[PDB]
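Contents: one structure, followed by commentary.
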Amino acid sequence: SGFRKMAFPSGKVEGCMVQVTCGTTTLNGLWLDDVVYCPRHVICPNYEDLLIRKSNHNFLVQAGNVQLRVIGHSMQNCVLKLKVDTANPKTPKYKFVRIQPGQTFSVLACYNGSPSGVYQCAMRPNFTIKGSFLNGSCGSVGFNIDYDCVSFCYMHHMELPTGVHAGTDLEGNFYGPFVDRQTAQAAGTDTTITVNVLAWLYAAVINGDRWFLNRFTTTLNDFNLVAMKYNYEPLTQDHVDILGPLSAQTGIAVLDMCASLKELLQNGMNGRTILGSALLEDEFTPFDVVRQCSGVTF
Amino acid sequence: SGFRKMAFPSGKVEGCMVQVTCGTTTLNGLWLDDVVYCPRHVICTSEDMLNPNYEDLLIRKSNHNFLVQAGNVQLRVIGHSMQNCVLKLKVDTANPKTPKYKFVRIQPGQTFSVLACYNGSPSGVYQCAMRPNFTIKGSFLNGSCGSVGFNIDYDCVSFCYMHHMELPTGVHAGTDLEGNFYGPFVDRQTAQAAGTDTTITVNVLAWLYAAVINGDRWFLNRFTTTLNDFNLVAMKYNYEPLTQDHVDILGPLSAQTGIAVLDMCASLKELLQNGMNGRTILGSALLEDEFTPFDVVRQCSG
Ligand SMILES: COC(=O)NC[C@@]1(C(=O)Nc2cncc3ccccc23)CCOc2ccc(Cl)cc21
Ligand SMILES: [Cl-]
């Protein structure tokens, strides 16, 4: 029993964190095989003009108490790739994956190439992450683990004026309409990840929290008319299919659980909580719920 | 900016997780130097958990009865001893991944990271607190026994908890790494119940200062309070008494924000009275009590 916001074990990623310094800027890098990946703003904007003026020895790369020698450099979108002479012996099995809004991942927050904390978070529908970052956290990475393969999905680049964060995938493509430049940027209006709230309601049922259940059902269209009114993302037939296993395990049809969600949105919780929370949690996917309520290991 | 429930990076602990099997029971062990630490109930069977005599069950065991697996490698057990509710298996190989470590016993209200494991394999990491009733609100399934709680100060891992059991309310009970249980619990399946739980007041105050540091002041008021009047009010909402030690511990956060501890206490009294009125504090509609004053300073400053 119990339901916590759980992150993946960070060990395979800790063995890849390095410190990258260029001039007066110090941030974090990801050392995989013989390449160090980091935000291109470390050179700071005409990046392939600021970069032309740089030589290999301008980039100081530190892996623990060891200096790595930079033997090459190239830019891919908003990521700088520093070719180093030494392949990382702790390089895990890995892939670079681009995630969709609503998908969750673990973040290993780092300062000076040293990991300080690990937390779980979700890519918001407005493409920002509600992270916990300070100056020097740039280059910190987001990831998932499947069996023994680390899927790198995020690299931190900046904080927006509302305190939320913006970054890229590991190929340097930003999530959202953001640019790596000090300019007037703002996160768009955010919405609640409906499929994730439903998954968390199934996790509550599995944990013996059933007060919100009711005898009612609803249509997908009727539910989306209500959900669009409460700034909730539309629920697609794909989400309904993804929730199938949890529906079969608990005996509560997905549209049966949607009628619970509609009543919670129109009437509130009335002094009651669900899994120790007075708000509807949207940062657990259906897969996160199945993984935690079955104990999958890595 | 931002305030998350943050766990310590688990890598230094992952490299210590092993699988311990004795008979038909399989659970997790912590391999540090040439010793594997695990719950002593790994020697118990079906009609054993009500009233086990661990000294009697252990005297019948030989070193080769304990199967220890580190990854795809079998470790050879060359000795065994019991220290309180922990079994210590001496092995023939020192763990080359042994980090710098200490065994520390924590007090209620202290937080720590848990690396949840099954079959010596880590599955997840989460942050939690030792409740005032000495239980932890963890996320554990059957086979997670032997999973550990820890903190990391610079490069030293402080092991503070080992998981042993789930109580009937879904909460968890365990020991420190010397096998002394936290709370009035025993490693027996006899009828046991967690005492009435309370809110960790010093932690709620620390989290209110974290909200001020991140720019939120909506909950402050022009009032102050005496420590005694605050405690008379706090007890009525099932909050732990706030001691002078707690007031001294909050000193740095009070100095940083310019809000005296007893002024913040007056604001907490008002929140308890009014509720949040559709608002949140740091993305939460409930008062958070699983961040210590030390966690707040670490996450907001470094
Ligand atoms: C050989 O005996 C065991 O292995 N006993 C484990 C056991 C226990 O609580 N295991 C579990 C621990 N944590 C989460 C759990 C989630 C669901 C189910 C079991 C869980 C079994 C039940 O009663 C006792 C009594 C005392 C003690 Cl110290 C341990 C236990
Ligand atoms: Cl302590």
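On the given criteria, is B:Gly143 more than 13 Å from the chain's Cα centre (by Cα) and part of a loop (DSSP other than H, G, I, E, B)? Explain how you work it out, then say what you get.
Numbers: more than 13 Å from the chain's Cα centre (by Cα): yes; part of a loop (DSSP other than H, G, I, E, B): yes.
Here the answer is yes, as B:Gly143 does meet what is asked.
Tell me which of these B:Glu47 doesn't satisfy, since it passes every other one: (1) outside any loop (DSSP other than H, G, I, E, B); (2) away from chain A (no Cβ under 14 Å); (3) within 30 Å of B:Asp245 (Cβ to Cβ).
The single condition B:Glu47 does not satisfy is (3).
Residue-wise test of (1) touching a helix residue (DSSP H, G or I) at 6+ places or on another chain (Cβ under 6 Å); (2) under 23 Å from B:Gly149 (Cα atoms); (3) among the aromatic types (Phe, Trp, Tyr).
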{"position": "B:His41", "(1), (2), (3)": "no, yes, no"}
{"position": "B:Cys44", "(1), (2), (3)": "no, no, no"}
{"position": "B:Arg60", "(1), (2), (3)": "no, no, no"}
{"position": "B:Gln74", "(1), (2), (3)": "no, no, no"}
{"position": "B:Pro96", "(1), (2), (3)": "no, yes, no"}
{"position": "B:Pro99", "(1), (2), (3)": "yes, yes, no"}
{"position": "B:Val104", "(1), (2), (3)": "no, yes, no"}
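Residues in region B:93-113 that are within 16 Å of ligand 2 (Cβ to nearest atom) and within 14 Å of chain A (Cβ to nearest Cβ): how many? Steps first, answer last, please.
So in region B:93-113, the residues within 16 Å of ligand 2 (Cβ to nearest atom) come out as B:102-113.
Next, from what is left, pick out any that are within 14 Å of chain A (Cβ to nearest Cβ): B:111-113.
Number satisfying all stated conditions: 3.
Among (1) away from chain B (no Cβ under 14 Å); (2) part of a loop (DSSP other than H, G, I, E, B), which single condition is A:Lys90 missing?
It is condition (1) that A:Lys90 fails.
Going by what's in this entry, would A:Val164 be described as of a type outside the set (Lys, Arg) and farther than 30 Å from A:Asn77 by Cβ? Working first, answer last.
Values: of a type outside the set (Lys, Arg): yes; farther than 30 Å from A:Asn77 by Cβ: no.
The answer is no for A:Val164.
From the list A:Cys16, A:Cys38, pick out the single residue that is within 14 Å of chain B (Cβ to nearest Cβ), under 17 Å from A:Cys138 (Cα atoms) and among the hydrophobic types (A, V, I, L, M, F, W, C). Steps first, answer last, please.
Details: A:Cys38 fails: within 14 Å of chain B (Cβ to nearest Cβ).
Among A:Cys16, A:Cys38, only A:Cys16 is within 14 Å of chain B (Cβ to nearest Cβ), under 17 Å from A:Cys138 (Cα atoms) and among the hydrophobic types (A, V, I, L, M, F, W, C).
Take the conditions assigned by CATH to the domain that holds A:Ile129 and surrounded by fewer than 19 Cβ atoms within 10 Å (Cβ to Cβ) and apply them to A:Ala186. Does it pass?
Values: assigned by CATH to the domain that holds A:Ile129: yes; surrounded by fewer than 19 Cβ atoms within 10 Å (Cβ to Cβ): yes.
Taking the combined requirement at face value, the residue satisfies it.
Go through (1) within 16 Å of ligand 2 (Cβ to nearest atom); (2) charged (D, E, K, R); (3) within 12 Å of chain A (Cβ to nearest Cβ) one by one and return the number of the condition B:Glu178 breaks.
Tallying (1) within 16 Å of ligand 2 (Cβ to nearest atom); (2) charged (D, E, K, R); (3) within 12 Å of chain A (Cβ to nearest Cβ), B:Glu178 fails exactly one: (3).
Considering every residue within region B:273-292, establish whether at least one is out of contact with any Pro (no Cβ under 6 Å at 6 or more places or on another chain), over 23 Å from B:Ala7 (Cα atoms) and assigned to a helix (DSSP H, G or I).
Yes, the conditions are met somewhere in region B:273-292.
Name the residues in region B:30-44 that are buried (at least 22 other Cβ atoms within 10 Å of the Cβ) and in a strand (DSSP E or B), would you?
Within region B:30-44, B:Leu30, B:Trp31, B:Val36, B:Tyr37, B:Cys38, B:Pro39 qualify.
To keep it simple, each residue is scored yes or no on (1) within 14 Å of chain B (Cβ to nearest Cβ); (2) hydrophobic (A, V, I, L, M, F, W, C); (3) surrounded by fewer than 17 Cβ atoms within 10 Å (Cβ to Cβ).
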site: A:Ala248; (1), (2), (3): no, yes, yes
site: A:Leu261; (1), (2), (3): no, yes, no
site: A:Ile274; (1), (2), (3): yes, yes, no
site: A:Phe284; (1), (2), (3): yes, yes, no
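Can you tell me which residue within region A:206-234, out of those that are within 26 Å of the chain's Cα centre (by Cα) and within 14 Å of chain B (Cβ to nearest Cβ), is surrounded by the fewest Cβ atoms within 10 Å (Cβ to Cβ)?
Step one: of region A:206-234, the residues within 26 Å of the chain's Cα centre (by Cα) are A:206-207, A:224, A:227-228, A:230-234.
Going one step further and asking which of them are within 14 Å of chain B (Cβ to nearest Cβ), we end up with A:206-207, A:230.
On the way: A:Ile206: 18, A:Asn207: 17, A:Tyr230: 15.
The residue in question is A:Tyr230.
Any residue in region A:234-250 that is within 30 Å of B:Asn274 (Cα to Cα) and not acidic (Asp, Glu)?
Narrowing region A:234-250 to residues within 30 Å of B:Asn274 (Cα to Cα): none.
Scanning region A:234-250 turns up no residue that is within 30 Å of B:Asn274 (Cα to Cα) and not acidic (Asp, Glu).
Only residues that are near ligand 1 (Cβ under 8 Å from one of its atoms) and within 14 Å of another protein chain (Cβ to nearest Cβ): list them for region B:154-166, please.
If we filter region B:154-166 for residues that are near ligand 1 (Cβ under 8 Å from one of its atoms), which is where we start, we get B:163-166.
Within region B:154-166, B:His163, B:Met165, B:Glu166 qualify.
Exactly one of (1) surrounded by fewer than 23 Cβ atoms within 10 Å (Cβ to Cβ); (2) among the hydrophobic types (A, V, I, L, M, F, W, C); (3) within 15 Å of the chain's Cα centre (by Cα) is unmet by A:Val118. Its number?
A:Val118 satisfies all of (1) surrounded by fewer than 23 Cβ atoms within 10 Å (Cβ to Cβ); (2) among the hydrophobic types (A, V, I, L, M, F, W, C); (3) within 15 Å of the chain's Cα centre (by Cα) except (1).
Would you mind finding the one in B:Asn133, B:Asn119, B:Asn142 that is farther than 19 Å from B:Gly11 by Cα and either within 11 Å of chain A (Cβ to nearest Cβ) or within 12 Å of ligand 1 (Cβ to nearest atom) (or both)? Working first, answer last.
Values: B:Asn133 fails: either within 11 Å of chain A (Cβ to nearest Cβ) or within 12 Å of ligand 1 (Cβ to nearest atom) (or both); B:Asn119 fails: farther than 19 Å from B:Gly11 by Cα.
Criteria check complete, one pass: B:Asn142.
Just to be sure, is B:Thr196 among the polar types (S, T, N, Q) and within 16 Å of ligand 2 (Cβ to nearest atom)? Show your work before the answer.
Numbers: among the polar types (S, T, N, Q): yes; within 16 Å of ligand 2 (Cβ to nearest atom): no.
So B:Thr196 fails the test.
Would you point out which residue out of B:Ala191, B:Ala255 is farther than 24 Å from B:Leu286 by Cβ, among the aliphatic types (A, V, I, L, M) and either in a strand (DSSP E or B) or within 16 Å of ligand 1 (Cβ to nearest atom) (or both)? So that I can check it myself, show each step before the final result.
Numbers: B:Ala255 fails: either in a strand (DSSP E or B) or within 16 Å of ligand 1 (Cβ to nearest atom) (or both).
Exactly one residue qualifies, and that residue is B:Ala191.
Output the residues belonging to region B:199-209 that are touching a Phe, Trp or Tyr at 6+ places or on another chain (Cβ under 7 Å), of a type outside the set (S, T, N, Q) and within 16 Å of ligand 2 (Cβ to nearest atom).
Hit for region B:199-209 is B:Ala206, nothing else.
The values are calculated or read from the model by the stated rules, or taken from the named source; none is laboratory data. So basically every Cβ, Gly included, is an ideal-geometry build from the backbone, and we count neighbours across all protein chains shown.
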